[PDB]
Amino acid sequence: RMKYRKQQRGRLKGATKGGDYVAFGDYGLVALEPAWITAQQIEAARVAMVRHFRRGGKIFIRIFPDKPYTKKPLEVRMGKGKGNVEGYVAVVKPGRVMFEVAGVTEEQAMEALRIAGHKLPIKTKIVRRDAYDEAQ
Amino acid sequence: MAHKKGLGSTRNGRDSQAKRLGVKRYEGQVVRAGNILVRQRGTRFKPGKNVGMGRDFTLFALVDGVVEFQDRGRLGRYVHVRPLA
Amino acid sequence: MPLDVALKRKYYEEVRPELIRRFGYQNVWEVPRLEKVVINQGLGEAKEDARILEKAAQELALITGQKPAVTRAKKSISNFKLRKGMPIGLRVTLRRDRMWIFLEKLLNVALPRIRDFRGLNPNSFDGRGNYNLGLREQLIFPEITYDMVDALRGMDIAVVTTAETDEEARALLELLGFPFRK
Amino acid sequence: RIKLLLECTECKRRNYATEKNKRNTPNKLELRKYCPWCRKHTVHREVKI
RNA sequence: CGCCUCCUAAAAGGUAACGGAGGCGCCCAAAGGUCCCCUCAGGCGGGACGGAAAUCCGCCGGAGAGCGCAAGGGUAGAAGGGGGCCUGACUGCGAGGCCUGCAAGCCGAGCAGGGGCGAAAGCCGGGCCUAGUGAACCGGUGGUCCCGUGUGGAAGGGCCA
């Protein structure tokens with residue numbers, strides 16, 4: 001994971017929709033019904049992919065290790081300053097533009113994702129480049 | 001020999017008294033000197049005619065004027081008191 | 001003395017129109033003349049306070065009118081990033097004529113004078129054609145003798161010119177006061 | 001007790017006015033000014049410990 | 001376990017939580033007045049004792065440097081940087097409003113005496129502002145020169161500071 005040299009301790013909780021979509025290579029994994037996702041799990045996929053792909057030609061990225069999740073205590077009784085930092089991860093909720101390359105050229109990439117996310121943690125879908133995009 | 005919870009009171013002793021200030025005197029309404037209008041802990045407000053800025057960035061009625069809302073657009077916010085009637 | 005005064009007077013007065021139209025053809029403007037000259041030297045931290053500060057005095061003095069007191073290390077150079085206000089502004093911003101007998105005396109009459117004092121300096125000013133060159137050792141006896149062993153050395157002055165772009169400015173003090181080699 | 005001690009002004013035997021003040025920097029030096037109800041304004045002086 | 005600042009108060013304002021964060025219980029004799037001047041850091045290019053960073057020259061810049069102190073607001077059309085002269089950081093006071101049920105705390109034109117900065121159109125009843133704070137009793141001191149237990153005085157004592 002990576003949410004290094006943060007700045008604060010913790011966030012809060014909500015969820016509902018955002019701004020992920022594009023393309024960025026044509027080997028895409030897009031979420032759909034999630035929320036936050038373990039930076040770890042994340043790396044999981046990272047691995048899954050990386051390894052499948054004859055183990056070399058790079059994939060890309062997508063979301064980030066974003067926030068700090070806290071179960072606070074360890075199992076006590078509740079009233080801590082709610083302190084304790086512990087699990088860091090992504091906050092993606094409306095089918096998000098999760099972008100992963102390599103040069104698989106195929107349903108091979110497919111598999112890669114297949115497992116990566118099948119795994120990961122939600123109802124989600126995948127594809128390629130479908131309606132470009134024009135900027136300034 | 002006795003498993004019952006465990007101490008844990010890290011502490012966030014934080015506090016800020018309630019406050020006031022702001023856009024506090026309604027359009028046109030009868031506005032007389034001594035009558036305060038809009039207090040600003042800044043300078044969103046330029047004391048235009050008959051508008052007296054107190055030793056505190058406090059918009060106070062300098063004259064018997066009809067509530068003069070003078071947003072001088074971009075110059076900034078300008079407050080004014082209109083010559084009674 | 002007032003000798004070399006009349007001197008610079010002429011050097012420039014004539015040289016000016018000279019190249020002036022030789023290449024210009026603008027309207028004999030500051031194409032490219034020189035105005036006012038500030039001079040700066042080896043900052044107070046070079047201090048001992050009373051001692052070399054008073055020497056900075058002597059020097060700034062006989063040199064062009066202004067001579068140092070006792071305060072040259074405040075908010076101190078201290079250790080690396082250790083410094084506060086800046087009470088060590090020791091310079092002469094004298095503005096015109098005095099300045100010219102100076103272009104004189106100084107450049108044209110003291111230029112080469114002490115230890116291999118040659119002058120083979122690349123793009124002298126070049127920072128817009130206005131000055132650059134300060135020398136790293138006094139005009140030794142531009143006057144005074146041993147009035148301080150180390151006394152002074154970190155010397156550097158600057159002219160406010162209009163010799164706009166370089167090549168031009170170059171024409172300017174090049175023939176006007178000597179352009180030190182390649 | 002700190003370099004902050006409280007004094008107050010009195011004026012040429014014809015009144016005394018008050019106000020606190022300090023200790024630090026120029027310490028004692030204490031003339032000042034002020035105006036009593038003596039006459040109409042008047043020097044005053046200040047000092048008074 | 002009192003106060004200031006920011007979040008959550010969710011858009012008026014305004015509210016818990018063993019909810020997040022983080023400061024103050026100083027002073028500044030002149031950062032207190034006003035008159036006159038000035039005007040950032042940082043980027044770049046060129047330079048004595050330099051020599052990542054002084055000091056000076058040359059350009060560039062919603063001003064992000066700056067304002068004792070924390071935050072936030074403001075804000076160099078300076079509250080900010082420099083010089084001159086000076087005490088109002090005045091007593092008497094205030095109409096009329098901020099908020100608040102209590103008491104609080106807080107904003108203030110203008111009239112008077114009285115000065116100080118300009119020649120003056122005027123500013124000055126502390127500071128650039130939002131924290132540096134404490135009833136009531138009790139008792140002290142500088143008044144005052146009101147009261148005195150028959151009268152003169154006085155122990156003592158009423159209001160002021």
# chains A, B, ... in the order shown; residues from 1 in each chain; ligands from 1
>>> residues_around(residues="residue D:49", least_positions_apart="5", cutoff="8 Å", atoms="only C-alpha atoms (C1' of nucleotides)", output="tab-separated table (two decimals) with N, CA and C atoms, in the first residue's frame")
chain	number	residue	atom	x	y	z
D	7	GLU	N	2.69	50.15	38.88
D	7	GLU	CA	2.86	51.49	39.42
D	7	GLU	C	1.65	52.30	38.95
D	8	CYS	N	1.72	53.60	39.18
D	8	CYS	CA	0.62	54.46	38.85
D	8	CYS	C	1.06	55.90	38.97
D	9	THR	N	0.36	56.76	38.26
D	9	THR	CA	0.65	58.19	38.26
D	9	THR	C	-0.14	59.02	39.26
>>> residues_around(residues="stretch 21-23 of chain E", least_positions_apart="2", cutoff="9 Å", atoms="only C-alpha atoms (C1' of nucleotides)", output="list in words")
residues 12 and 14 of chain B; 4, 5, 6, 7, 70, 71 and 131 of chain E
>>> write_last_selection(atoms="C-alpha atoms (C1' of nucleotides)", output="PDB file, in the first residue's frame")
ATOM      1  CA  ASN B  12      -8.555  15.490  23.250  1.00  0.00           C
ATOM      2  CA  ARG B  14     -10.507  20.767  22.902  1.00  0.00           C
TER       3      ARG B  14
ATOM      4  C1'   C E   4      -8.940  32.049  22.187  1.00  0.00           C
ATOM      5  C1'   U E   5      -8.717  29.590  17.340  1.00  0.00           C
ATOM      6  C1'   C E   6     -10.140  25.464  13.285  1.00  0.00           C
ATOM      7  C1'   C E   7     -13.445  20.859  12.088  1.00  0.00           C
ATOM      8  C1'   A E  70      -1.869  29.484  18.261  1.00  0.00           C
ATOM      9  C1'   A E  71      -5.391  29.071  15.018  1.00  0.00           C
ATOM     10  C1'   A E 131      -7.573  34.332  24.529  1.00  0.00           C
TER      11        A E 131
END
>>> closest_residue(among="D:35, D:22, D:28, D:46", to="residue D:2", atoms="only C-alpha atoms")
D:22
>>> residues_around(residues="stretch 99-107 of chain C", least_positions_apart="3", cutoff="6 Å", atoms="only C-alpha atoms (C1' of nucleotides)", output="PyMOL selection string")
chain C and resi 5+8+96+110-111
>>> residues_around(residues="residue A:49", least_positions_apart="2", cutoff="9 Å", atoms="only C-alpha atoms (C1' of nucleotides)", output="VMD selection string")
chain A and resid 44 to 47 51 to 53 55 59 100 102 109 111 to 113 115 to 116
>>> residues_around(residues="residue B:34", least_positions_apart="5", cutoff="8 Å", atoms="only C-alpha atoms (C1' of nucleotides)", output="VMD selection string")
(chain B and resid 60 to 62) or (chain E and resid 95 to 97 108 to 109)
>>> write_last_selection(atoms="N, CA, C and O atoms (P, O5', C5', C4', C3', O3' and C1' of nucleotides)", output="PDB file, in the first residue's frame")
ATOM      1  N   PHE B  60     -21.168  49.536  12.545  1.00  0.00           N
ATOM      2  CA  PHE B  60     -22.142  50.211  13.378  1.00  0.00           C
ATOM      3  C   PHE B  60     -22.767  51.435  12.710  1.00  0.00           C
ATOM      4  O   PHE B  60     -22.099  52.205  12.015  1.00  0.00           O
ATOM      5  N   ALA B  61     -24.066  51.594  12.942  1.00  0.00           N
ATOM      6  CA  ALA B  61     -24.855  52.688  12.394  1.00  0.00           C
ATOM      7  C   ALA B  61     -24.390  54.050  12.890  1.00  0.00           C
ATOM      8  O   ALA B  61     -24.571  54.367  14.063  1.00  0.00           O
ATOM      9  N   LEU B  62     -23.822  54.828  11.967  1.00  0.00           N
ATOM     10  CA  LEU B  62     -23.311  56.182  12.201  1.00  0.00           C
ATOM     11  C   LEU B  62     -24.424  57.223  11.966  1.00  0.00           C
ATOM     12  O   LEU B  62     -24.300  58.371  12.408  1.00  0.00           O
TER      13      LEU B  62
ATOM     14  P     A E  95     -27.017  56.503  27.013  1.00  0.00           P
ATOM     15  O5'   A E  95     -28.331  56.773  26.166  1.00  0.00           O
ATOM     16  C5'   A E  95     -28.672  58.097  25.777  1.00  0.00           C
ATOM     17  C4'   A E  95     -28.734  58.190  24.278  1.00  0.00           C
ATOM     18  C3'   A E  95     -29.187  56.904  23.626  1.00  0.00           C
ATOM     19  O3'   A E  95     -30.585  56.915  23.572  1.00  0.00           O
ATOM     20  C1'   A E  95     -27.528  58.018  22.345  1.00  0.00           C
ATOM     21  P     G E  96     -31.381  55.594  23.923  1.00  0.00           P
ATOM     22  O5'   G E  96     -31.105  54.657  22.671  1.00  0.00           O
ATOM     23  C5'   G E  96     -31.410  55.099  21.362  1.00  0.00           C
ATOM     24  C4'   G E  96     -30.433  54.507  20.399  1.00  0.00           C
ATOM     25  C3'   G E  96     -30.405  52.987  20.351  1.00  0.00           C
ATOM     26  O3'   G E  96     -31.456  52.440  19.544  1.00  0.00           O
ATOM     27  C1'   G E  96     -28.210  53.805  20.520  1.00  0.00           C
ATOM     28  P     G E  97     -31.967  50.923  19.787  1.00  0.00           P
ATOM     29  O5'   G E  97     -30.626  50.058  19.680  1.00  0.00           O
ATOM     30  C5'   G E  97     -30.623  48.617  19.687  1.00  0.00           C
ATOM     31  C4'   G E  97     -29.439  48.095  18.879  1.00  0.00           C
ATOM     32  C3'   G E  97     -28.844  46.725  19.230  1.00  0.00           C
ATOM     33  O3'   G E  97     -29.458  45.615  18.559  1.00  0.00           O
ATOM     34  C1'   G E  97     -27.116  48.330  19.153  1.00  0.00           C
ATOM     35  P     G E 108     -15.813  50.478  19.586  1.00  0.00           P
ATOM     36  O5'   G E 108     -17.105  51.351  19.288  1.00  0.00           O
ATOM     37  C5'   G E 108     -17.404  51.806  17.974  1.00  0.00           C
ATOM     38  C4'   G E 108     -18.426  52.907  18.052  1.00  0.00           C
ATOM     39  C3'   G E 108     -17.959  54.175  18.769  1.00  0.00           C
ATOM     40  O3'   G E 108     -17.400  55.081  17.796  1.00  0.00           O
ATOM     41  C1'   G E 108     -19.973  53.374  19.745  1.00  0.00           C
ATOM     42  P     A E 109     -16.718  56.473  18.254  1.00  0.00           P
ATOM     43  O5'   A E 109     -17.683  57.580  17.608  1.00  0.00           O
ATOM     44  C5'   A E 109     -17.827  57.675  16.180  1.00  0.00           C
ATOM     45  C4'   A E 109     -19.154  58.324  15.767  1.00  0.00           C
ATOM     46  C3'   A E 109     -19.413  59.778  16.132  1.00  0.00           C
ATOM     47  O3'   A E 109     -18.774  60.657  15.207  1.00  0.00           O
ATOM     48  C1'   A E 109     -21.336  58.505  16.620  1.00  0.00           C
TER      49        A E 109
END
>>> residues_around(residues="stretch 133-141 of chain C", least_positions_apart="4", cutoff="12 Å", atoms="only C-alpha atoms (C1' of nucleotides)", output="NGL selection string")
(:C and (38-42 or 56 or 59-60 or 62-63 or 105-127 or 129 or 145-159 or 173 or 179-180)) or (:E and (46-50 or 56-57))
>>> residues_around(residues="residue C:82", least_positions_apart="5", cutoff="12 Å", atoms="only C-alpha atoms (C1' of nucleotides)", output="VMD selection string")
(chain C and resid 73 to 77) or (chain E and resid 53 to 54)
>>> decode(residues="stretch 30-128 of chain E", atoms="C-alpha atoms (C1' of nucleotides)", output="PDB file, in the first residue's frame")
ATOM      1  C1'   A E  30       7.241  52.433  23.706  1.00  0.00           C
ATOM      2  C1'   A E  31       4.738  47.485  18.387  1.00  0.00           C
ATOM      3  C1'   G E  32       0.513  53.489  22.833  1.00  0.00           C
ATOM      4  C1'   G E  33      -0.593  59.347  18.942  1.00  0.00           C
ATOM      5  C1'   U E  34      -0.439  61.506  14.328  1.00  0.00           C
ATOM      6  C1'   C E  35       2.364  63.922  10.242  1.00  0.00           C
ATOM      7  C1'   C E  36       5.924  62.718   6.086  1.00  0.00           C
ATOM      8  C1'   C E  37       8.368  58.934   3.275  1.00  0.00           C
ATOM      9  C1'   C E  38       8.716  53.781   1.809  1.00  0.00           C
ATOM     10  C1'   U E  39       6.582  49.177  -0.252  1.00  0.00           C
ATOM     11  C1'   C E  40       7.193  41.511   0.164  1.00  0.00           C
ATOM     12  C1'   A E  41       9.137  36.385  -0.144  1.00  0.00           C
ATOM     13  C1'   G E  42      10.488  34.111  -3.705  1.00  0.00           C
ATOM     14  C1'   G E  43      12.241  33.084  -9.625  1.00  0.00           C
ATOM     15  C1'   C E  44      15.987  34.432 -12.905  1.00  0.00           C
ATOM     16  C1'   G E  45      20.924  36.878 -14.796  1.00  0.00           C
ATOM     17  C1'   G E  46      25.337  39.317 -13.269  1.00  0.00           C
ATOM     18  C1'   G E  47      28.805  40.157  -9.545  1.00  0.00           C
ATOM     19  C1'   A E  48      34.256  41.781  -3.296  1.00  0.00           C
ATOM     20  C1'   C E  49      35.741  39.004   1.935  1.00  0.00           C
ATOM     21  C1'   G E  50      31.018  35.140  -1.522  1.00  0.00           C
ATOM     22  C1'   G E  51      30.888  31.402  -2.483  1.00  0.00           C
ATOM     23  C1'   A E  52      23.304  25.846  -0.993  1.00  0.00           C
ATOM     24  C1'   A E  53      21.743  31.187   2.139  1.00  0.00           C
ATOM     25  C1'   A E  54      24.629  37.464   3.108  1.00  0.00           C
ATOM     26  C1'   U E  55      25.901  42.698   0.284  1.00  0.00           C
ATOM     27  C1'   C E  56      25.211  45.221  -4.447  1.00  0.00           C
ATOM     28  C1'   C E  57      23.618  45.727  -9.827  1.00  0.00           C
ATOM     29  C1'   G E  58      20.292  44.145 -13.542  1.00  0.00           C
ATOM     30  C1'   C E  59      15.103  42.240 -14.840  1.00  0.00           C
ATOM     31  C1'   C E  60      10.441  39.047 -13.071  1.00  0.00           C
ATOM     32  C1'   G E  61       5.644  38.706  -9.279  1.00  0.00           C
ATOM     33  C1'   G E  62      -4.113  37.986  -6.907  1.00  0.00           C
ATOM     34  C1'   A E  63       1.117  40.165  -2.563  1.00  0.00           C
ATOM     35  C1'   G E  64       1.906  32.696  -1.477  1.00  0.00           C
ATOM     36  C1'   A E  65       6.643  36.834   2.426  1.00  0.00           C
ATOM     37  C1'   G E  66       4.084  40.395   6.786  1.00  0.00           C
ATOM     38  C1'   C E  67       1.583  41.753  11.557  1.00  0.00           C
ATOM     39  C1'   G E  68       5.523  39.359  19.902  1.00  0.00           C
ATOM     40  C1'   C E  69       2.782  35.305  20.835  1.00  0.00           C
ATOM     41  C1'   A E  70      -1.869  29.484  18.261  1.00  0.00           C
ATOM     42  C1'   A E  71      -5.391  29.071  15.018  1.00  0.00           C
ATOM     43  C1'   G E  72      -8.668  31.665  12.087  1.00  0.00           C
ATOM     44  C1'   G E  73     -10.454  36.167   9.919  1.00  0.00           C
ATOM     45  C1'   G E  74      -8.328  40.000   7.664  1.00  0.00           C
ATOM     46  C1'   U E  75      -5.665  42.229   5.174  1.00  0.00           C
ATOM     47  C1'   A E  76       0.593  45.800   1.545  1.00  0.00           C
ATOM     48  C1'   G E  77      -6.746  50.558  -1.942  1.00  0.00           C
ATOM     49  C1'   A E  78      -0.385  47.803   4.029  1.00  0.00           C
ATOM     50  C1'   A E  79      -3.215  46.871   9.960  1.00  0.00           C
ATOM     51  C1'   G E  80       3.113  46.022   6.835  1.00  0.00           C
ATOM     52  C1'   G E  81       8.874  48.589   6.376  1.00  0.00           C
ATOM     53  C1'   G E  82      11.581  53.871   7.807  1.00  0.00           C
ATOM     54  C1'   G E  83      11.970  59.154   9.799  1.00  0.00           C
ATOM     55  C1'   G E  84       9.765  63.657  12.880  1.00  0.00           C
ATOM     56  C1'   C E  85       7.375  65.575  16.482  1.00  0.00           C
ATOM     57  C1'   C E  86       3.696  63.591  21.175  1.00  0.00           C
ATOM     58  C1'   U E  87       0.634  61.670  25.034  1.00  0.00           C
ATOM     59  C1'   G E  88      -6.387  60.804  25.070  1.00  0.00           C
ATOM     60  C1'   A E  89      -2.964  53.532  27.171  1.00  0.00           C
ATOM     61  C1'   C E  90      -7.545  61.611  28.913  1.00  0.00           C
ATOM     62  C1'   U E  91     -11.845  62.712  33.380  1.00  0.00           C
ATOM     63  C1'   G E  92     -17.134  63.864  32.742  1.00  0.00           C
ATOM     64  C1'   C E  93     -19.946  60.783  29.448  1.00  0.00           C
ATOM     65  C1'   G E  94     -22.623  58.707  26.327  1.00  0.00           C
ATOM     66  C1'   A E  95     -27.528  58.018  22.345  1.00  0.00           C
ATOM     67  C1'   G E  96     -28.210  53.805  20.520  1.00  0.00           C
ATOM     68  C1'   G E  97     -27.116  48.330  19.153  1.00  0.00           C
ATOM     69  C1'   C E  98     -23.930  42.916  19.413  1.00  0.00           C
ATOM     70  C1'   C E  99     -24.941  38.485  22.010  1.00  0.00           C
ATOM     71  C1'   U E 100     -27.413  36.847  27.321  1.00  0.00           C
ATOM     72  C1'   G E 101     -32.917  34.487  30.944  1.00  0.00           C
ATOM     73  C1'   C E 102     -29.280  35.820  35.659  1.00  0.00           C
ATOM     74  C1'   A E 103     -24.604  38.654  35.896  1.00  0.00           C
ATOM     75  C1'   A E 104     -21.725  39.168  32.526  1.00  0.00           C
ATOM     76  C1'   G E 105     -18.669  40.505  28.563  1.00  0.00           C
ATOM     77  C1'   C E 106     -18.811  43.534  24.041  1.00  0.00           C
ATOM     78  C1'   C E 107     -19.627  47.851  19.709  1.00  0.00           C
ATOM     79  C1'   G E 108     -19.973  53.374  19.745  1.00  0.00           C
ATOM     80  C1'   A E 109     -21.336  58.505  16.620  1.00  0.00           C
ATOM     81  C1'   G E 110     -21.726  62.677  19.086  1.00  0.00           C
ATOM     82  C1'   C E 111     -21.832  67.176  23.565  1.00  0.00           C
ATOM     83  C1'   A E 112     -18.213  69.214  27.618  1.00  0.00           C
ATOM     84  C1'   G E 113     -13.502  70.329  29.986  1.00  0.00           C
ATOM     85  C1'   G E 114      -8.193  69.207  27.900  1.00  0.00           C
ATOM     86  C1'   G E 115      -4.798  68.761  25.503  1.00  0.00           C
ATOM     87  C1'   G E 116      -1.283  66.519  20.542  1.00  0.00           C
ATOM     88  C1'   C E 117       0.086  65.049  14.935  1.00  0.00           C
ATOM     89  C1'   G E 118      -0.806  68.928  10.065  1.00  0.00           C
ATOM     90  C1'   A E 119      -1.310  74.856   8.036  1.00  0.00           C
ATOM     91  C1'   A E 120      -5.089  72.548   7.784  1.00  0.00           C
ATOM     92  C1'   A E 121      -9.959  68.739   5.262  1.00  0.00           C
ATOM     93  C1'   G E 122      -9.418  65.635  10.503  1.00  0.00           C
ATOM     94  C1'   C E 123      -7.178  61.036  13.539  1.00  0.00           C
ATOM     95  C1'   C E 124      -6.105  60.183  19.172  1.00  0.00           C
ATOM     96  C1'   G E 125     -10.596  58.502  25.118  1.00  0.00           C
ATOM     97  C1'   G E 126      -3.654  52.145  23.780  1.00  0.00           C
ATOM     98  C1'   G E 127      -2.083  48.590  20.538  1.00  0.00           C
ATOM     99  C1'   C E 128      -4.472  45.257  13.675  1.00  0.00           C
TER     100        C E 128
END
